[PDB]
Amino acid sequence: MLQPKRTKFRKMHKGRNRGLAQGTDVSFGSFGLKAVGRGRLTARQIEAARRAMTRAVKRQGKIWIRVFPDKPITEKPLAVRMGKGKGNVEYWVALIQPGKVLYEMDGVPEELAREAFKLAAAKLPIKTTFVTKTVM
Amino acid sequence: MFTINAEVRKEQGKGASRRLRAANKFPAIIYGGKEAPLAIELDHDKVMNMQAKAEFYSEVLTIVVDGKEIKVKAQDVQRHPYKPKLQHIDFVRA
Amino acid sequence: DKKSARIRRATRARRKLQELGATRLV
Amino acid sequence: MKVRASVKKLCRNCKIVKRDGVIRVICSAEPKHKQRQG
Amino acid sequence: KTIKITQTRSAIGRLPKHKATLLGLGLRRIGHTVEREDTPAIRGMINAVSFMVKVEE
Amino acid sequence: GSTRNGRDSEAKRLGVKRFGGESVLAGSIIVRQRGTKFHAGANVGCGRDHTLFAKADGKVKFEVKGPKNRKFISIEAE
RNA sequence: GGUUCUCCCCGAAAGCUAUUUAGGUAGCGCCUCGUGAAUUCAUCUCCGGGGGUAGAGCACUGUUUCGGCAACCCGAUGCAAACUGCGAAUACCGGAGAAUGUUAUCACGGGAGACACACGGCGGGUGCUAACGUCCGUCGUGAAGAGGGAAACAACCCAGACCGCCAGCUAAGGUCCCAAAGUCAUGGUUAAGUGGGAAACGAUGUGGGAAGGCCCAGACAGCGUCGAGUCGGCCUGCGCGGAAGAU
RNA sequence: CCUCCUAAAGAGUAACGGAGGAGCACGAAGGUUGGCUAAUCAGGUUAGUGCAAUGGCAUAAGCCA
RNA sequence: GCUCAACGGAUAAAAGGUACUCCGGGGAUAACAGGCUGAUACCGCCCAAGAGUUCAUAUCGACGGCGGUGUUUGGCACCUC
RNA sequence: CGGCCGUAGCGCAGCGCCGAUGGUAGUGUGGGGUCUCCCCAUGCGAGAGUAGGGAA
Ligand SMILES: CN(C)[C@@H]1C(O)=C(C(N)=O)C(=O)[C@@]2(O)C(O)=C3C(=O)c4c(cc5ccc(CN6CC(F)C6)cc5c4O)C[C@H]3C[C@@H]12
Ligand SMILES: CN(C)[C@@H]1C(O)=C(C(N)=O)C(=O)[C@@]2(O)C(O)=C3C(=O)c4c(cc5ccc(CN6CC(F)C6)cc5c4O)C[C@H]3C[C@@H]12
Ligand SMILES: [K+]
Ligand SMILES: [K+]
Ligand SMILES: [K+]
Ligand SMILES: [K+]
Ligand SMILES: [K+]
Ligand SMILES: [K+]
Ligand SMILES: [K+]
Ligand SMILES: [K+]
Ligand SMILES: [K+]
Ligand SMILES: [K+]
Ligand SMILES: [K+]
Ligand SMILES: [K+]
Ligand SMILES: [Mg+2]
Ligand SMILES: [Mg+2]
Ligand SMILES: [Mg+2]
Ligand SMILES: [Mg+2]
Ligand SMILES: [Mg+2]
Ligand SMILES: [Mg+2]
Ligand SMILES: [Mg+2]
Ligand SMILES: [Mg+2]
Ligand SMILES: [Mg+2]
Ligand SMILES: [Mg+2]
Ligand SMILES: [Mg+2]
Ligand SMILES: [Mg+2]
Ligand SMILES: [Mg+2]
Ligand SMILES: [Mg+2]
Ligand SMILES: [Mg+2]
Ligand SMILES: [Mg+2]
Ligand SMILES: [Mg+2]
Ligand SMILES: [Mg+2]
Ligand SMILES: [Mg+2]
Ligand SMILES: [Mg+2]
Ligand SMILES: [Mg+2]
Ligand SMILES: [Mg+2]
Ligand SMILES: [Mg+2]
Ligand SMILES: [Mg+2]
Ligand SMILES: [Mg+2]
Ligand SMILES: [Mg+2]
Ligand SMILES: [Mg+2]
Ligand SMILES: [Mg+2]
Ligand SMILES: [Mg+2]
Ligand SMILES: [Mg+2]
Ligand SMILES: [Mg+2]
Ligand SMILES: [Mg+2]
Ligand SMILES: [Mg+2]
Ligand SMILES: [Mg+2]
Ligand SMILES: [Mg+2]
Ligand SMILES: [Zn+2]
């Protein structure tokens, strides 16, 4: 489960999630799973998807995770009122914009990569599409 | 080899470019050499099919614009962030 | 270096003289 | 009858059929493969 | 040369700068037509509230 | 159910007081700043808190000058 | 808590600062009346300015993945309110010039009220990008604003009611009947009463489009027969399932 | 009371919002003249600044007399 | 000459109890119920690792995903002091 | 001694540095949607990168 080893600060402003992604090309492998939708991916979702695709390829080839969950998300416990300070960090997310390549794969047939990424995509809260590396 | 039919663009900038792409065309630019850059508009589906061939980026191409044949290489392509579409192509005279 | 060291030594007074608008005997 | 939101062919003998506005899977081989979307 | 400018929509709920521009053109109400000199300064005022005026030139 | 934050200091009203081309009297503060973000040019003094002020009546002029591309404020005597 | 005749003109605030202060009060802000004074003020155009926000980027501060050489280093990939070798739009300050505006500006003086705000838009903190939640910024409306629309509906949309008219034109919104006005025209789509509550995801629903594979050297299906197309992906329009609540 | 962020590139701007500091020190650690240049392991301030943070600082505001 | 630090400093000088209680007020503000919300709860679904001798889907459903209800625990403080 | 402040500095075009055109991002005003985000009209329009410049 991915998490920054250290951070300058513990807690982060909510912020917003506008714009299109940077890192829209298959840069490392042959095939990629690209976000079409916008949202947050939790570290648990990233891990569930990783485990699904890794099992599907039977640990052949190579997988890259292009996203990293570096945004801490706080929550207030049950039965506490509003205010009294910001809540405690509970989990970590990556912000996803449309176009973001989430995962890449190499050293497998396309057919197997497509199946592996279909199984992974079913773990994710964002719509995705299969992409292939391009020359330009 | 690769014959691209193009027209010179009448309007430029964001408004004009988005209107082109809504009408199943896309903007492009020819530069290089010494003659000034030529802003052109291409048919989307035609070029999208051509550039699926790997030799589109390697080999010299011909852009037939206003009758004139201009010989060029593909220098850069801007793809749509998630759809299988072309936003823009840079062609260098070559 | 000797020259660059001397240029550094010279600069403050030179900048002051320019500030004052002084005619300079270098 | 399996009543599910996701109905699919489970083998090569499964057939998708729409009856009275309902997507169904009928299978000649396996009665367990009979499905109705619902 | 002069141009005729008519107010086509209400000033109610418009930004303060837009109301100040209508005042600068001397438009007082919907359908009010004014005759103004055709100058860049006047054309800029029209441009600023183009959505609620019409020019007869 | 308590915070160890909740503190801040009073805002210091720093920044540019007279912009380019503004006509000033001698003594007029041009910029309040921390350190020399702007440096004193001709007819401008630098106070103990790095306040730049006019030493002559005239027009404020901003300029980038010298080998470090530093920002200088001058008064064009007017 | 209550505060008694009439008409005319103008018309707030629910903020800042301080307070044994927090539903009180004071100065300032905003209202009114009077007096006085400059092209004083506003809009636009042009000119002079400083920005470090949006966006972007990764040299720096941190964080991050892969590879080459587990550090450094080199190449490739991202991320940041408290990162910046970049950097807008706007906004703001100043100058000049028209036109317009009942001086709209500023100063001083008489009289205040107000210092519980609300919702909506945009930018945010907080909260669960929960709340008709909460806290700022900024604009709008309500407050203190009637009329028309949104079935009904302070705060949304249109629009600012001096009085009278059994005249006329329009706005938002509408034109089959309730109910004023097209059972209007032309070309399409939908068969779900979708329209008129709808998510992952599922499916030979159905319209359009761009490529393709195979095909009279006989494909495709069914049974060598066989005699025309067939096959399955992509993109897109509109529908279908997913869909259980209490008079 | 101070510094940063929130704060929407002038100023200002709230919350039991996010992070840290102060209630001193110094007759030199002040004035001035003259001189000088760091960390790190070649480099070029990655050091330094009496004490937080931010902005500054080589003509040094840093270091020595 | 002030940790007058509650830092624009009520006095030089000050702690508690009241279920024995009392007055003026407030739905400006809590406890009930309603309302808004739906984190939580409950219910349903998607993916299918795997269990099920063999076999994912008879039965069950890890890692994760999407909804519905108003239905528990709560949030808010809009109605009524 | 200055102006200028990397097209000007290093190294011995290899770097630094400068840098279009076009597109993209953002955004003022008006309008719209399926509204956590976008789109349309109009105005403004980066950053990065590309061609190129460049041994003041
Ligand atoms: C008040 N008014 C603007 C509308 C109105 O007049 C009516 C009415 N019946 O007359 C309404 O029903 C309304 O009040 C209302 O209740 C609405 C909704 O509840 C509503 C609407 C649209 C939505 C679209 C998407 C989503 C998705 N949700 C947001 C997130 F939580 C997931 C929710 C909607 C929704 O709740 C229509 C309005 C119309 C209102
Ligand atoms: C037709 N009528 C029943 C209502 C109505 O009169 C209005 C109106 N403005 O007058 C509507 O807006 C309405 O027609 C309408 O469009 C609605 C919605 O769109 C709506 C509503 C509630 C919703 C609640 C949840 C969600 C999201 N979830 C996930 C998805 F699967 C469902 C969407 C909603 C929504 O779209 C309110 C109705 C009211 C209608
Ligand atoms: K001044
Ligand atoms: K007061
Ligand atoms: K007065
Ligand atoms: K607001
Ligand atoms: K009003
Ligand atoms: K219906
Ligand atoms: K000394
Ligand atoms: K006090
Ligand atoms: K007592
Ligand atoms: K369900
Ligand atoms: K089985
Ligand atoms: K009560
Ligand atoms: Mg636009
Ligand atoms: Mg039947
Ligand atoms: Mg501060
Ligand atoms: Mg300089
Ligand atoms: Mg009035
Ligand atoms: Mg940003
Ligand atoms: Mg008060
Ligand atoms: Mg108040
Ligand atoms: Mg308020
Ligand atoms: Mg908001
Ligand atoms: Mg509220
Ligand atoms: Mg809200
Ligand atoms: Mg009132
Ligand atoms: Mg009204
Ligand atoms: Mg009404
Ligand atoms: Mg309604
Ligand atoms: Mg309705
Ligand atoms: Mg009505
Ligand atoms: Mg009519
Ligand atoms: Mg009728
Ligand atoms: Mg008809
Ligand atoms: Mg319906
Ligand atoms: Mg549906
Ligand atoms: Mg500011
Ligand atoms: Mg601002
Ligand atoms: Mg304020
Ligand atoms: Mg000293
Ligand atoms: Mg006090
Ligand atoms: Mg009582
Ligand atoms: Mg209440
Ligand atoms: Mg209650
Ligand atoms: Mg409740
Ligand atoms: Mg409240
Ligand atoms: Mg009640
Ligand atoms: Mg550029
Ligand atoms: Zn079957």
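So you know, we letter chains A, B, ... as the sequences are listed, proteins then strands, and number each from 1.
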Watson-Crick or G-U wobble mate for [N], both contacts under 3.5 Å:
{"N": "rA96(G)", "value": "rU45(G)"}
{"N": "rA56(I)", "value": "none"}
{"N": "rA116(G)", "value": "none"}
{"N": "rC42(I)", "value": "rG68(I)"}
{"N": "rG34(G)", "value": "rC108(G)"}
{"N": "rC122(G)", "value": "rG137(G)"}

Regarding [X] and [Y], does a basic nitrogen lie under 4.0 Å from an acidic carboxylate oxygen?
{"X": "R19(B)", "Y": "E11(B)", "value": "yes"}
{"X": "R114(A)", "Y": "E110(A)", "value": "yes"}
{"X": "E47(A)", "Y": "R50(A)", "value": "yes"}
{"X": "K59(F)", "Y": "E22(F)", "value": "no"}
{"X": "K25(B)", "Y": "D43(B)", "value": "no"}
{"X": "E57(E)", "Y": "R43(E)", "value": "yes"}

Nearest-Å distance once atom [atom1] is located in both [N] and [M]:
{"N": "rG239(G)", "M": "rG87(G)", "atom1": "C1'", "value": "48 Å"}
{"N": "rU35(G)", "M": "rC136(G)", "atom1": "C1'", "value": "41 Å"}
{"N": "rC46(I)", "M": "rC201(G)", "atom1": "P", "value": "12 Å"}
{"N": "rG137(G)", "M": "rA114(G)", "atom1": "P", "value": "23 Å"}
{"N": "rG52(G)", "M": "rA11(H)", "atom1": "P", "value": "7 Å"}
{"N": "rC51(H)", "M": "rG95(G)", "atom1": "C1'", "value": "48 Å"}
{"N": "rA26(G)", "M": "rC10(G)", "atom1": "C1'", "value": "28 Å"}
{"N": "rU45(H)", "M": "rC86(G)", "atom1": "P", "value": "15 Å"}

Per side chain to side chain contact (heavy atoms under 4.5 Å, CB included), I75(F) is matched among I30(F), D57(F), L52(F) by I30(F)

Tell me whether the side-chain N/O atoms of [X] come closer than 4.0 Å to OP1 or OP2 in [N].
{"X": "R16(A)", "N": "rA8(H)", "value": "no"}
{"X": "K19(E)", "N": "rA42(G)", "value": "no"}
{"X": "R40(A)", "N": "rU129(G)", "value": "yes"}
{"X": "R14(C)", "N": "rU59(H)", "value": "no"}
{"X": "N5(F)", "N": "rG17(H)", "value": "no"}
{"X": "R12(C)", "N": "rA60(H)", "value": "yes"}

| task | Return the 5'-most residue of the pair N17(A), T24(A) with respect to RNA chain G, ranking by each residue's nearest nucleotide. | result |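 Checking each residue's closest nucleotide, the 5'-ward one belongs to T24(A).
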
**Q.** Most 5' of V60(F) and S27(A) on RNA chain G, judged by nearest nucleotide
**A.**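 Result: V60(F).
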
Ignoring hydrogens and angles, does a donor from either the side chain of [X] or the base of [N] sit under 3.5 Å from an acceptor on the other?
{"X": "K14(A)", "N": "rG124(G)", "result": "no"}
{"X": "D8(F)", "N": "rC4(H)", "result": "yes"}
{"X": "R7(F)", "N": "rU3(H)", "result": "no"}

Here the distance between atom P of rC47(I) and atom CD of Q45(A), to the nearest Å, is 18 Å

Which nucleotide sits closest to the side chain of [X]: [options]?
{"X": "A41(E)", "options": "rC128(G), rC44(G), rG64(I)", "answer": "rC44(G)"}
{"X": "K18(D)", "options": "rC128(G), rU57(I), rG205(G)", "answer": "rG205(G)"}
{"X": "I30(E)", "options": "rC201(G), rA82(G), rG160(G)", "answer": "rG160(G)"}
{"X": "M45(E)", "options": "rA99(G), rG18(H), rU129(G)", "answer": "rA99(G)"}

Would you tabulate the nitrogen or oxygen pairs shorter than 3.5 Å linking the protein to nucleotides 101-103 of chain G?
{"residue": "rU102(G)", "atom": "OP1", "partner": "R28(E)", "partner atom": "NH2", "Å": "3.0"}

Mind running a 4.0 Å heavy-atom check of [range] against RNA chain J and sending the residues that fall below it, in number order?
{"range": "residues 71-85 of chain B", "value": "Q75(B), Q78(B)"}
{"range": "residues 29-38 of chain D", "value": "none"}
{"range": "residues 117-136 of chain A", "value": "none"}

Judged by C1'-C2'-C3'-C4' (positive north, negative south), is the sugar of [N] north or south?
{"N": "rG51(G)", "result": "south"}
{"N": "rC216(G)", "result": "south"}
{"N": "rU204(G)", "result": "south"}

With B for base contact, S for sugar-phosphate-only contact and - for none (protein heavy atoms under 4.0 Å), nucleotides 47-57 of chain H reads --------BSS

A correct 5'-to-3' footprint of nucleotides 53-70 of chain G, with B, S and - meaning base, sugar-phosphate only and no protein heavy atom under 4.0 Å, is ---SS---BSSSSBS---

What about [X] and [Y], are their ring centers closer than 6.0 Å?
{"X": "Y31(B)", "Y": "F91(B)", "answer": "no"}
{"X": "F62(F)", "Y": "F72(F)", "answer": "no"}
{"X": "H18(E)", "Y": "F51(E)", "answer": "yes"}
{"X": "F2(B)", "Y": "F56(B)", "answer": "yes"}

Counted 5' to 3', the first and last nucleotides of RNA chain J within 4.0 Å (strictly under) of a heavy-atom of chain F are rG3(J) to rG6(J)

Subject >> Near-parallel close stack of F9(A) and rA82(G) base (under 5.5 Å, under 30°) >> reply: yes

Query raised in the report: If we ignore angles and hydrogens, is there a donor and acceptor under 3.5 Å between the side chains of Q51(B) and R79(B)?
Result: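 Note: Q51(B) and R79(B) side chains meet the donor-acceptor criterion.
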
By nearest-nucleotide position on RNA chain J, the 5'-leaning member of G33(B) and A28(B) is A28(B)

Sugar-phosphate only, base, or nothing, as touched by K15(D) at under 4.0 Å among non-hydrogen atoms: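 It contacts nothing in the nucleic acid.
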
Every protein N/O lying under 3.5 Å from an N/O of nucleotides 168-173 of chain G:
none

The dot-bracket string of RNA chain J, counting Watson-Crick and G-U wobble pairs with both distances under 3.5 Å, using [ ] for crossing pairs and | for pairs to another strand, is ........((...)).((.......((((((((...)))))))).......))...

Could I get a table of every N or O pair under 3.5 Å where one atom is in the protein and the other is in nucleotides 11-14 of chain H?
{"residue": "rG12(H)", "atom": "OP1", "partner": "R13(F)", "partner atom": "N", "Å": "2.9"}

Contacts of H32(E) meeting ring-ring contact (aromatic ring centres under 6.0 Å, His included) (sequence neighbours excluded), chain-then-number -> none

Expected rows: protein N/O vs nucleotides 31-38 of chain H N/O, under 3.5 Å:
{"residue": "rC36(H)", "atom": "OP1", "partner": "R9(C)", "partner atom": "NH1", "Å": "2.7"}
{"residue": "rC36(H)", "atom": "OP2", "partner": "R8(C)", "partner atom": "NH2", "Å": "2.8"}

